[PDB]
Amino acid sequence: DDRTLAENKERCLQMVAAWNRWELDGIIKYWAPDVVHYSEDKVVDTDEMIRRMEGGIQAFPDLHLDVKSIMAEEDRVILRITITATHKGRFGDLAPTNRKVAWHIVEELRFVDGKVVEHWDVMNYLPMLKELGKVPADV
């Protein structure tokens, strides 16, 4: 059990290191073939999920995951993460602004036999949308 918590946490920290080296392979290798992704209490198709990830790296090619807290109980792990980056790539049809941006995410992962079978996210990207002029500054 203590062993289980520690090894699941070490897997999440490999996945963070993979994001930080910008190689989605180091992330996706930990996913079960039938992994389920949830965002906003809806299923996200795995293909859609990988396109979101590739889209993010492209817009924010220097992105860095700062793990503020990590927690494990039973087969789940939870990370509270602050992301910092520069807007150096296209972000949808928005041409690079080279502005420094930061936003906040929580990822909940469920492991069976060291594979991610379920993944839930809560992403606050409002601070980044504001800095890029994609939303009004007062919302």
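All residue numbers are counted from 1 along the displayed sequence.
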> Looking only at CA atoms, which has the higher mean B factor in the entry: 70 to 78 or 33 to 41?
Replying inline: 33 to 41
> According to the deposited model, is the average Cα temperature factor higher in 51 to 59 or in 105 to 113?
Replying inline: 51 to 59
> Of the three thirds of its chain by CA temperature factor, lowest, middle or highest, which one includes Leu24?
Replying inline: highest
> Once the chain's modelled residues are ordered by C-alpha B factor and cut into thirds, is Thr97 in the lowest, middle or highest one?
Replying inline: middle
>> Based on the deposited C-alpha B factors for this chain, I'd like to know if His87 is in the lowest, middle or highest third.
In response: middle
